[PDB]
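Undergrad: before the rest arrives, take these chain(s) from the complex:
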Amino acid sequence: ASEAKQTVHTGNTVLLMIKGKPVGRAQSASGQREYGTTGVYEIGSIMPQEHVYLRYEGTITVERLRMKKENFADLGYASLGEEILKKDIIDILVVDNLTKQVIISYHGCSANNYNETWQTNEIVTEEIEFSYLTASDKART
């Protein structure tokens, strides 16, 4: 039996896709958003009379195991030097394994920092952190 009213997402029901290509052996991803809320304090009140949105900052991180082929450097998505200046924006999509419907998409993603670890006793891993213009959860049912 399978009652959809209580289902949740997991690692086996999600795909990470770039330019249609599913990135392989991807391990984890985290998303952050900051609206920069600030309160307004009058003289005759310790309490904040109201809150206001001021600034939108958002970053997304991706952890991956470096495949011998189609690594982020080979794919051209990342960069290692002045080649970065010629790299255009990208959109990173999280799409449902079952229906292939979209769960959340990040628009105008741009790379922030690049990390790779070479270790003796463990598989090679690399991490990338992007900064995006806007997020979207459209194209739903």
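TA: Sure thing, it's come through. Numbers count the residues shown, from 1 in each chain, chains lettered A, B, ... in the order given.

Undergrad: List the contacts of the spatially most central residue of chain A.
TA: Closest to where the C-alpha atoms of chain A average out (C-alpha atoms, centre = their mean) is residue A:60, at 3.4 Å. Going by C-beta atoms under 8 Å, 6 or more residues apart in numbering, residue A:60 touches A:29-32, A:92, A:106, A:109, A:129-130, A:132. C-beta here means a position set from N, CA and C on the backbone, and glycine is covered the same way.

Undergrad: Pull the residues that contact stretch A:61-71.
TA: With C-beta under 8 Å, 6+ apart as the test, stretch A:61-71 has contacts from A:16, A:21, A:23-31, A:72, A:92, A:116, A:123-130.

Undergrad: that older thread, give me the ChimeraX select line for the contacts of residue A:60, limited to the buried ones.
TA: Of those, the buried ones can be selected in ChimeraX as follows, counting by 16 or more other C-beta atoms under 10 Å:
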select /A:29,92,106,109,130,132
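
Undergrad: Make CSV out of the contacts of residue A:60 and add distance to residue A:65.
TA: Output for the contacts of residue A:60, formatted as CSV (distance: C-beta to C-beta, whole Å):
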residue, distance to residue A:65
A:29, 13
A:30, 17
A:31, 20
A:32, 23
A:92, 18
A:106, 22
A:109, 21
A:129, 17
A:130, 18
A:132, 23
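
Undergrad: which residues touch residue A:104?
TA: By C-beta under 8 Å, 6+ apart, residue A:104 lies in contact with A:31, A:94, A:135-137.

Undergrad: Out of the residues you listed, flag the one nearest to residue A:79.
TA: Of all the contacts of residue A:104, residue A:79 sits closest to residue A:31, with 21.9 Å by C-beta to C-beta.

Undergrad: Look at residue A:109 and give its secondary structure.
TA: The three-state label for residue A:109, taken from DSSP: H, G, I helix; E, B strand; the rest coil, comes out as strand.

Undergrad: isn't it right next to residue A:93, touching?
TA: No - counting by C-beta atoms under 8 Å, residue A:109 does not reach residue A:93; the two are 10.2 Å apart.

Undergrad: Ramachandran coordinates for residue A:85?
TA: Per-residue torsions, residue A:85: phi -60, psi -20 (degrees, to the nearest 10).

Undergrad: State the number of residues packed around it.
TA: Residues near residue A:85, counting by other C-beta atoms under 10 Å, number 7.

Undergrad: Return the distance of it relative to residue A:110.
TA: Here the criterion is C-beta to C-beta, to the nearest Å. By it, residue A:85 lies 12 Å from residue A:110.

Undergrad: now the sequence for chain B, which goes on the structure above:
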Amino acid sequence: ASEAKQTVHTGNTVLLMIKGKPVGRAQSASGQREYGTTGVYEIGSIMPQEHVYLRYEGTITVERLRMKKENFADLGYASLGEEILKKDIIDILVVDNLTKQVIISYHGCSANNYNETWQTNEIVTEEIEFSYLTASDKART
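TA: Same chains as before, plus chain B:
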């Protein structure tokens, strides 16, 4: 036997409710309040002569497992871009499972930051932190 004089609250005796809707698969929530107490020091005393309240800052966090439906983004409570500017305030209520009486309510809640984690070996989780104008524990017996 059940002597009410010693009972305490637990995860099985509490409900988290928004706009009447009970949020599903909610895991944890924390509440913080800062009165900004400061002392007054005279010249002829190392001791603080008195303390005074100056500033009220309060935040509440919520941890949840992303259901495939009725997630904070789908519910319209959260936001992912400029849609936030059209989102009005909300009130988050913690209500007793037994009696449906209120334990504590936060008024004029506003969103501060949004966090979601996609991981391979664990269920998806998301965290939201709100900033509220005032708290209340009224409507008791």
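
Undergrad: Please re-evaluate the contacts of residue A:104 in the presence of chain B.
TA: A:31, A:94, A:135-137, B:73, B:80, B:116 (C-beta atoms under 8 Å, 6 or more residues apart in numbering or on different chains).

Undergrad: same deal with residue A:47?
TA: A:41, B:56, B:133-134.

Undergrad: Max pairwise distance over those: which two?
TA: Using C-beta to C-beta, the pair of those lying farthest apart is A:41 and B:134, separated by 13.6 Å.

Undergrad: Between these two, which is the more surrounded one?
TA: More crowded of residue A:41 and residue B:134, by other C-beta atoms under 10 Å in any protein chain shown: residue A:41, with 16 against 12.

Undergrad: which residue sits closest to the more buried one, ignoring its sequence neighbours?
TA: Nearest residue to residue A:41, sequence neighbours excluded (C-beta to C-beta, 6 or more residues apart in numbering or on different chains): residue A:48, at 5.9 Å.

Undergrad: What parts of chain A come near chain B?
TA: By C-beta under 8 Å from any C-beta of the partner chain, the residues of chain A that approach chain B are A:4-11, A:14, A:16, A:26-35, A:37, A:39, A:41, A:46-51, A:53, A:56, A:94, A:104, A:134-137, A:140.

Undergrad: In ChimeraX, select just the buried ones from these.
TA: In ChimeraX, this line selects whichever of the residues of chain A next to chain B come out buried by 16 or more other C-beta atoms under 10 Å in any protein chain shown:
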select /A:8,9,10,11,14,16,26,27,28,29,31,32,33,34,35,37,39,41,48,51,53,56,94,104,135,136,137
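
Undergrad: tally of neighbours for residue A:45?
TA: Residues lying near residue A:45 (other C-beta under 10 Å) number 10.

Undergrad: Is it inside a helix or a strand, and which specific one?
TA: Per DSSP states H and E, residue A:45 falls between elements, in no helix or strand.

Undergrad: can you pull the contacts of it?
TA: No contacts exist for residue A:45 under C-beta under 8 Å, 6+ apart.

Undergrad: Same question for the one 4 residues further on.
TA: By C-beta under 8 Å, 6+ apart, the contact set of residue A:49 is A:39-42, B:133.

Undergrad: Go again with 10 Å.
TA: Residues counted as contacts of residue A:49 (C-beta atoms under 10 Å, 6 or more residues apart in numbering or on different chains) are A:39-42, B:108, B:133.

Undergrad: wait, which of those is closest to residue B:100?
TA: Using C-beta to C-beta, residue B:108 is the member of the contacts of residue A:49 that sits closest to residue B:100, with 23.0 Å.

Undergrad: The closest one is in contact with residue B:133, isn't it?
TA: Yes - between residue B:108 and residue B:133 there is a contact under C-beta atoms under 10 Å: 3.4 Å.

Undergrad: extra chain here, label it chain C:
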Amino acid sequence: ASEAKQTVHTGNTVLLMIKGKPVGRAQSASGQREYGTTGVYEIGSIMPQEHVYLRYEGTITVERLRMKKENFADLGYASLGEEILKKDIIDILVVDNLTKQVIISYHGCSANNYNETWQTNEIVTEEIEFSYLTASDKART
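TA: Chain C added:
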């Protein structure tokens, strides 16, 4: 046998009392005091010629399990909004279970911050931090 010359205090020989009322299901409490000692350095010496007391800062924290009744909010000791401004000072007493003699008392306690945690797998807990004017260990034998 029981030789009092070597006895020590423990959780089973102490009571935490406010306004005569013993607070129930209290778990822990910590007390801090800072005299702000500073040295005096002359030109012809690297060593500090003397130390002097300058400023007295002290805080006490209390951890508790939120009983369904007589919680810090219901007791009126804490506050959740502008109600705080009408709350007067209190004295928090640590008294011996055996003799009901006093061990240490804090005078002119005032609330600094308020923390409460709602969790799924554990009993609800709340923490309060107070700032006090003076401490006393009088009324002994």
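
Undergrad: please look at the contacts of stretch A:61-71 again, because chain C has been put in.
TA: Residues from elsewhere that reach stretch A:61-71 (C-beta under 10 Å, 6+ apart): A:16, A:18, A:21, A:23-32, A:72-75, A:77-78, A:92, A:112-113, A:115-118, A:122-130, B:117-120.

Undergrad: Apply 6 Å and report the result again.
TA: A:24-30, A:123-129 (C-beta atoms under 6 Å, 6 or more residues apart in numbering or on different chains).

Undergrad: Next up, phi/psi of the spatially closest residue to residue A:141 that is not a sequence neighbour, please.
TA: In space, and not counting its chain neighbours, residue A:141 is closest to residue A:101: 7.4 Å by C-beta to C-beta, 6+ apart. When quoted as degrees, to the nearest 10, the phi and psi of residue A:101 stand at phi -80, psi 160.

Undergrad: any idea how far residue A:40 is from residue C:83?
TA: Distance from residue A:40 to residue C:83, by C-beta to C-beta: 21 Å.

Undergrad: And those two? Which one has more around it.
TA: residue C:83 (15 against 10).

Undergrad: sec struct for the more buried one, please.
TA: Taking three-state DSSP as the rule, one finds residue C:83 in the helix state.

Undergrad: about what we covered before: could you give the bridge partners of the residue nearest to the centre of chain A?
TA: With DSSP bridges as the criterion, the beta-bridge partners of residue A:60 are residue A:31, residue A:130.

Undergrad: Surely residue A:32 and residue A:56 touch.
TA: No - with contact defined as C-beta atoms under 6 Å, residue A:32 does not count as touching residue A:56 (11.3 Å).

Undergrad: all helices in chain A, in order from the N-terminus.
TA: Applying DSSP state H to chain A gives no helices.

Undergrad: how about it, which residue sits the furthest from its center?
TA: Outermost residue of chain A (C-alpha atoms, centre = their mean): residue A:44, 43.4 Å.

Undergrad: what's the spacing between it and residue A:37?
TA: Residue A:44 sits 22 Å away from residue A:37, going by C-beta to C-beta.

Undergrad: Surely residue A:126 and residue A:114 touch.
TA: No - if you go by C-beta under 6 Å, residue A:126 and residue A:114 don't touch, sitting 7.5 Å apart.

Undergrad: When these two are compared, which one has more neighbours?
TA: Using other C-beta under 10 Å, the more surrounded residue of residue A:126 and residue A:114 is residue A:126, with 18 against 15.

Undergrad: Tell me the bridge partners for the more buried one.
TA: In this entry, residue A:126 is beta-bridged to residue A:64, residue A:116, by DSSP bridges.

Undergrad: Return the residues in contact with it.
TA: Applying C-beta under 6 Å, 6+ apart to residue A:126 gives the contacts A:64, A:66, A:116.
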